[PDB]
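Please read the structure below before turning to the comments.
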Ligand SMILES: CCCCCCCCCCCCCCCCCC(=O)OC[C@H](COP(=O)([O-])OC[C@H](O)COP(=O)([O-])OC[C@H](COC(=O)CCCCCCCCCCCCCCCCC)OC(=O)CCCCCCCCCCCCCCCCC)OC(=O)CCCCCCCCCCCCCCCCC
Ligand SMILES: CCCCCCCCCCCCCCCCCC(=O)OC[C@H](COP(=O)([O-])OCC[N+](C)(C)C)OC(=O)CCCCCCCCCCCCCCCCC
Ligand SMILES: CCCCCCCCCCCCCCCCCC(=O)OC[C@H](COP(=O)(O)OCCN)OC(=O)CCCCCCCCCCCCCCCCC
Ligand SMILES: CCCCCCCCCCCCCCCCCC(=O)OC[C@H](COP(=O)(O)OCCN)OC(=O)CCCCCCCCCCCCCCCCC
Ligand SMILES: CCCCCCCCCCCCCCCCCC(=O)OC[C@H](COP(=O)(O)OCCN)OC(=O)CCCCCCCCCCCCCCCCC
Ligand SMILES: CCCCCCCCCCCCCCCCCC(=O)OC[C@H](COP(=O)(O)OCCN)OC(=O)CCCCCCCCCCCCCCCCC
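Chains as they are written, first to last, in PDB author numbering: chain q, 48 to 95; chain N, 1 to 347; chain J, 1 to 79, 86 to 175; chain K, 1 to 98; chain Y, 1 to 171; chain A, 1 to 36, 48 to 115; chain m, 4 to 83; chain H, 1 to 318.
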């Protein structure tokens with residue numbers, strides 16, 4: 048029973064990780080624009 | 001002790017030393033020192049009397065403090081270098097702490113205050129292991145970290161070790177304390193030449209281990225722990241007085257013997273680097289070592305002290321001790337000065 | 001105040017070390033080292049070392065300091087000036103260091119030290135569906151093969167050594 | 001550098017100067033030795049977590065295991081000293097002056 | 001040292017995908033099936049340039065293709081998708097395994113009205129190849145010139161001239 | 001944060017219970033009552060040290076449920092069985108050399 | 004060996020079950036046909052990102068899309 | 001709102017500890033062919049209240065203590081650890097959902113021996129200290145098999161997360177793949193809480209529980225209610241660990257009813273073990289640990305390491 052169910056849990060883990068992988072380009076694009084937004088804000092307030 | 005357990009524990013001592021000698025990671029260096037101390041503690045408590053428990057406790061406290069200062073030096077190295085390679089240290093504070101930790105592990109002065117107590121508290125075989133084999137791993141680490149060793153620190157430790165190991169042995173009548181203060185003076189000689197030429201450091205360490213192994217093996221084969229018990233050796237085995245004579249004359253640094261080889265090569269490599277005052281003061285300070293060596297030769301070989309009557313019974317029995325490599329070590333400790341350019345094999 | 005939480009726990013850590021290191025008795029010294037181990041565990045937990053902090057509680061405080069209090073109970077007897091004086095000495099040295107590195111945002115005892123909260127030096131990214139600390143500890147079995155060999159050999163030898171030196175013969 | 005490293009190193013030096021200045025008890029000496037180990041543990045852990053140096057996450061565990069086995073060795077030495085002299089006092093360990 | 005060069009706040013303006021994480025996780029398999037090419041252009045540019053300032057146009061193309069994806073869902077299958085991400089959204093771990101009938105309805109309506117096929121177990125973790133027009137970064141670490149090495153040893157090994165030359169030892 | 005709030009609440013409730021249980025029975029004024048080294052065992056210390064060393068071996072064993080996820084499974088299984096075997100060998104040496112005696 | 008085994012099973016059955024369970028745990032994964040699949044499943048679990056390749060022109064085995072035929076497959080894991 | 005949740009954890013813990021004394025005295029009554037309390041309340045329901053009010057107005061006994069500070073801190077630590085063992089328990093949702101709840105509970109239970117040790121220090125009698133050291137050696141002995149059985153079971157779980165252990169047991173109770181671990185777990189948790197047949201402090205085989213001995217001891221109610229919080233907690237932890245119930249994520253009350261019924265049956269099983277057997281001698285439970293449980297625990301630990309590898313049933317990390 049634990050054999051069948053842990054194999055099912057591994058297949059479900061792979062499905063979760065593929066959802067994460069399919070979302071990682073969008074999250075990486077948003078993260079890049081996020082950090083460049085915050086650095087540009089810090090740069091302008093450092094200039095003033 | 002079980003002989004199986006004895007062999008496994010000595011292999012673990014040797015294993016900790018080898019792990020220090022081969023590993024490229026600082027954690028494994030620290031692991032090797034931990035394994036070495038953890039395995040040598042039963043060798044010191046082989047006979048189970050309060051002097052061995054006191055000696056093992058003092059040895060534990062000193063080597064534990066040095067191991068923790070070693071790990072602090074390693075941690076400051078991981079701060080200021082982000083890595084773990086056993087090479088030069090990337091901070092003078094880590095270099096100072098590691099040089100202090102290795103000075104405590106070697107028992108160099110002014111961290112020398114455990115070596116005669118611990119050497120007196122333990123048997124002659126465990127004292128042999130402590131004064132020969134336990135010098136190998138910290139000198140290997142000092143051999144590897146020498147691009148970052150502070151010169152003034154290591155030479156202060158060196159000359160202070162030579163001077164205190166000279167004056168310490170002049171007051172002694174116990175043989176193990178004489179060998180321990182001899183150890184302190186010779187470790188000063190080894191670390192004085194380290195930043196100049198560490199091949200001569202390895203030469204001094206090898207000649208020292210040969211001569212100290214010869215003296216501890218003669219002291220085991222005669223079962224003598226004091227000066228005055230060594231004085232009865234002429235009436236028991238007169239060849240042993242000859243061998244301790246030539247080995248003590250060797251360890252004093254007299255030519256044509258091989259104990260002159262290391263100090264002559266050390267003076268030879270320190271004058272090249274424009275240091276004249278320091279090898280001259282080191283050479284003059286080693287005359288104290290020669291003085292208490294000649295005291296022991298006077299008490300053993302050159303005169304005949306009074307014996308007792310019960311020695312006549314011991315005339316009727318041979319030595320059934322395994323005097324292992326004693327003729328080989330006696331020949332190598334005395335007649336090796338014509339083979340002085342053999343030192344290049346340690347380059 | 002709350003951005004300085006690791007710093008405040010580290011001040012409690014140094015105060016606990018001045019507490020037990022001034023050595024009132026091995027019982028109260030054990031208590032001070034227990035409280036110090038707990039707050040230093042909290043310091044480790046506030047960087048994301050959850051497994052390593054639970055290793056502090058489970059192994060350090062859980063086994064080793066329990067064995068220290070156990071052995072103290074077999075070696076001390078149940079029923086000063088120097089302890090309290092050295093306590094307030096270390097406390098004043100620590101608070102003068104706190105006051106300098108807070109009013110100046112800079113100090114140099116042996117190294118130069120920042121005076122801001124140590125939140126500043128963190129990473130701004132994620133680790134995905136794992137802990138990096140957990141995976142690095144999990145690699146003791148696939149990458150730390152030699153490390154496991156020497157650690158297990160030292161522990162087996164340690165069992166042998168304790169049975170030798172406590173035997174008395 | 002960072003502010004917490006000052007306190008962890010100062011904790012190491014406080015437990016050092018505690019360990020380097022004995023009062024009476026060998027147990028308090030061993031407590032100072034393991035406080036030195038505790039400060040080393042925290043300092044190594046903060047470096048390794050701060051650096052995201054993944055493989056050295058197993059380093060403080062190996063430090064903890066080796067030094068707690070060392071502590072067990074020291075407690076057994078203290079136990080043999082206490083069975084010899086009745087107490088664990090470091091002024092009873094003075095036979096090796098002569 | 002030099003001044004860091006940052007893009008202006010006008011260059012960081014894009015129409016964001018202002019949905020929740022359960023909305024994304026519910027749509028993630030069809031998003032990985034359909035929005036493949038700008039996403040992999042962006043991740044190739046992101047692992048090759050090693051700089052998020054050289055990847056802003058590919059980030060905008062990702063952020064635009066994702067919006068086209070959700071608009072194309074919204075025109076055909078808004079209600080099965082809404083029921084499905086609500087069921088995904090209830091769970092604290094956001095389990096796929098608690099939501100198989102709403103997934104079946106969403107996949108049925110998506111396959112019928114849009115022709116999209118959900119990826120199988122193993123496909124969205126494949127390593128794919130990307131055809132780009134941007135050049136390969138020739139020095140992405142901005143490394144300077146390496147130091148010239150020490151000379152190697154060369155030649156035949158002759159005996160030592162007059163031996164060891166240690167003070168009087170003639171060999 | 002919520003963990004710290006919960007720890008403070010548990011510590012506060014415990015200290016409140018202890019303070020009540022010491023000061024509430026001091027309300028009733030009672031009749032003031034006016035009438036009127049330990050032996051060492053080696054086995055007690057040895058069971059504690061045996062605990063400490065096997066607990067360090069357990070500290071080595073604790074990352075196993077994360078260690079099974081590796082791609083180097085043959086090395087991982089070898090070192091896992093090797094640590095449990097060294098724990099068993101420590102137990103066997105503790106057995107056969109009379110270490111587990113009279114606290115067996 | 005049959006007298007010793009029955010004798011140790013009569014006197015110390017806890018140790019016999021101990022050594023039997025330990026010996027099965029040692030020699031059994033080298034004899035099991037599913038020990039291959041443990042390695043196969045652990046190397047197929049996608050923790051990191053599948054960082055794509057620059058299409059130079061000659062990579063016939065690498066797919067261009069996740070749903071393409073070529074590439075590594077997990078049909079053995081769906082079926083087993 | 002969170003403090004409401006903390007209080008609705010910790011106050012029903014104290015009420016359940018109060019009525020566990022009633023359930024103990026009743027169930028031990030009927031097993032001993034008599035009744036338990038039925039006079040003080042209707043069916044005995046006022047017996048915990050009357051007994052608590054009696055214990056809180058009773059005089060501090062006779063003597064004084066060796067150390068005031070540890071005499072205060074040992075019940076504080078005992079009650080604090082007994083209350084913090086409940087916060088990661090997934091029933092179906094833990095109060096503090098942490099990734100390492102198992103290791104948290106193992107560490108906080110390892111910290112519980114300091115209360116016994118400090119109450120042995122704080123007593124003036126040198127014989128009560130010996131009894132405390134025997135109890136500390138017992139508890140640290142059985143913590144070894146707690147740790148290794150817990151590790152062997154978590155090799156089928158995938159993580160130290162307690163909430164994942166509900167997901168692990170969705171197809172079968174985990175007592176089916178691990179019943180020898182489950183029975184050695186149950187007996188080792190029995191020997192953890194100083195519970196009969198392992199209660200050597202509260203019984204004989206004890207150098208100090210011997211009628212008209214010295215030793216100022218703490219207020220008995222605090223250590224007693226810490227001990228019963230630990231008993232209910234270790235039975236709930238065994239229920240989560242081996243007999244995990246059905247969880248509908250839309251109806252959490254089904255899981256709460258189911259784990260509550262199983263935890264009550266398992267605590268009554270503690271009550272039914274203490275009313276069925278004589279006590280171990282001290283070296284007999286040292287024998288039971290070191291020569292009986294620990295070899296099987298190491299063998300089954302090797303088995304549960306190598307078994308998901310040979311069956312291709314390695315659980316996921318997440
Ligand atoms: C067809 C295939 C076969 C063809 C075969 C052709 C040959 C046929 C003959 C075969 C036998 C050859 C034997 C060796 C050749 C002669 C080597 C020689 O004399 O070198 C002169 C060597 C340098 O003089 P040279 O005029 O420049 O060279 C003449 C040749 O061209 C020397 O030639 P080189 O330039 O090549 O010399 C190389 C170099 C040249 O030397 C140097 O570059 C200068 C450094 C020499 C060492 C300085 C060390 C200073 C500190 C130690 C002081 C030791 C004090 C003396 C001993 C005290 C008691 C042990 O020598 C060394 O590095 C070796 C070190 C010294 C060992 C000499 C050989 C001894 C073998 C027999 C040992 C028996 C025990 C003797 C006493 C032990 C000590 C020698 O002088 C010395 O070393 C002074 C001492 C005398 C050496 C021993 C004489 C050999 C015969 C001894 C028989 C009597 C034994 C009495 C009983 C035992 C003692 C109580
Ligand atoms: C989680 C819910 C509850 C779980 C179940 C627990 C409920 C039942 C509780 C009953 C009351 C117990 C009260 C305390 C009892 C303490 C005493 C006691 O039992 O001591 C244990 C006794 C101790 O032994 P002993 O003292 O009885 O016997 C004498 C021992 N010598 C010889 C050393 C002197 O037995 C054990 O230690 C057994 C532990 C568990 C065994 C697990 C068996 C696994 C079998 C696997 C297969 C084996 C076949 C061979 C290999 C095949 C391979 C394919
Ligand atoms: C860069 C360097 C790298 C490394 C290079 C090599 C370094 C070598 C360092 C050698 C250190 C040797 C330390 C002593 C040996 C260790 C084991 C031991 O203790 O053996 C002695 C043994 C014990 O027997 P036991 O019964 O316990 O003793 C009481 C007496 N009945 O038996 C006895 O007590 C019997 C008495 C005789 C014992 C003689 C042992 C001599 C061993 C050393 C030989 C010389 C060293 C090798 C050659 C030089 C190498 C540089
Ligand atoms: C190969 C796989 C890996 C194996 C290593 C891993 C082992 C895991 C289990 C850990 C066990 C730890 C403790 C081991 C101690 C062994 C020594 C021992 O117990 O000897 C004493 C015992 C007699 O007991 P006694 O001393 O009298 O106890 C007091 C009560 N009478 O003496 C005996 O009872 C005899 C003990 C030896 C014979 C046991 C035979 C068991 C056979 C089972 C089937 C084969 C399994 C494969 C392994 C090979 C076994 C030969
Ligand atoms: C989560 C669930 C937790 C549950 C906890 C409680 C479990 C037990 C529940 C209660 C069971 C019934 C209790 C009945 C107690 C006795 C009541 C009574 O009538 O007592 C008689 C006594 C004297 O009355 P008298 O006026 O003399 O009558 C002579 C008649 N001619 O009259 C008196 O003494 C005065 C009246 C006293 C009434 C006491 C009632 C019980 C109080 C218990 C405290 C907790 C209350 C619940 C809190 C949690 C729920 C909100
Ligand atoms: C005698 C003195 C008085 C005695 C009575 C009172 C003290 C004893 C009882 C209290 C013991 C406290 C133990 C608290 C820490 C336990 C470990 C821990 O934090 O685990 C929970 C969790 C780890 O899980 P994870 O999910 O990985 O992390 C969250 C990230 N998602 O990690 C987290 O959630 C991290 C949360 C932030 C960090 C919390 C730090 C707590 C405060 C510092 C320590 C306080 C205790 C100090 C004293 C200990 C005992 C001497």
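The beta-carbon is built from N, C-alpha and C at its ideal position, and this holds for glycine as well.
What residues in its chain sit with their C-beta under 8 Å from that of residue i, if we drop five residues either side in the sequence?
{"i": "residue 153 of chain N", "result": "96, 99"}
{"i": "residue 137 of chain J", "result": "48, 50, 51"}
For residue i, which residues from the same chain have a beta carbon less than 6 Å from its beta carbon, with the 5 sequence-adjacent residues on both sides left out?
{"i": "residue 50 of chain Y", "result": "140"}
{"i": "residue 245 of chain H", "result": "255, 258, 259"}
{"i": "residue 80 of chain Y", "result": "105, 106, 109"}
In angstroms with no decimal places, state the Cα-to-Cα distance between residue i and residue j.
{"i": "residue 180 of chain H", "j": "residue 242 of chain H", "result": "11 Å"}
{"i": "residue 114 of chain N", "j": "residue 50 of chain N", "result": "16 Å"}
{"i": "residue 76 of chain m", "j": "residue 38 of chain Y", "result": "24 Å"}
{"i": "residue 208 of chain H", "j": "residue 116 of chain H", "result": "14 Å"}
{"i": "residue 84 of chain K", "j": "residue 97 of chain J", "result": "38 Å"}
{"i": "residue 10 of chain Y", "j": "residue 46 of chain Y", "result": "21 Å"}
{"i": "residue 216 of chain N", "j": "residue 231 of chain N", "result": "16 Å"}
{"i": "residue 62 of chain N", "j": "residue 105 of chain N", "result": "7 Å"}
{"i": "residue 102 of chain H", "j": "residue 158 of chain H", "result": "12 Å"}
Residues bridged to residue i by DSSP?
{"i": "residue 70 of chain H", "result": "According to DSSP, which records beta bridges pairwise, residue 70 of chain H is partnered with nothing at all."}
{"i": "residue 25 of chain N", "result": "N:85"}
{"i": "residue 129 of chain Y", "result": "m:56"}
Any heavy atom of ligand 6 within a distance shorter than 7 Å of the CB on residue i?
{"i": "residue 38 of chain J", "result": "yes"}
{"i": "residue 99 of chain H", "result": "yes"}
Is the closest heavy atom of ligand 1 to the C-beta of residue i under 7 Å?
{"i": "residue 256 of chain N", "result": "yes"}
Are there any heavy atoms of ligand 2 lying less than 7 Å away from the beta-carbon of residue i, as far as the coordinates show?
{"i": "residue 184 of chain H", "result": "yes"}
Suppose the cutoff is 7 Å on Cβ atoms and the five residues either side in sequence are ignored; what does the same chain contact list for residue i look like?
{"i": "residue 110 of chain H", "result": "143"}
*Can you list, in chain order, the stretches of the alpha helix (DSSP H) that have 4 or more residues and sit fully within the stretch 194-265 of chain H?*
220-242
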